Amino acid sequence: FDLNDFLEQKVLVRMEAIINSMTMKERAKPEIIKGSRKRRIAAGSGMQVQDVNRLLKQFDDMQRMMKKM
């Protein structure tokens, strides 16, 4: 379960936008998204880095649930 799976699953638009600014490697392994990539993704999606942090957290909470359920 990665960001591609989360992608398929104005807030929803904002969330898809952040994923749209990512490279395929970032969507496949979100853990590689550190400071520099967050900044690139944020500016590229018209968001603030804090918005990218919230999206990544939500993705993480979902991945954790899927791993279980």
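C-alpha atoms forming the largest set that superposes within 1.5 Å between two forms make up the rigid core. Numbers for residues come from their place in the sequence shown, where the first is 1.
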Higher Cα RMS in 8 other deposited structures of this protein relative to the shown form (core alignment), 10-18 or 47-55, goes to 10-18
Going from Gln9 to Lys10, the deposited residues skipped in the model number 10 or more
As the entry reports it, the stretch among 24-32 and 37-45 with higher mean C-alpha B factor is 24-32
Entry B factor averaged over C-alpha atoms, 52-60 against 10-18: higher for 10-18
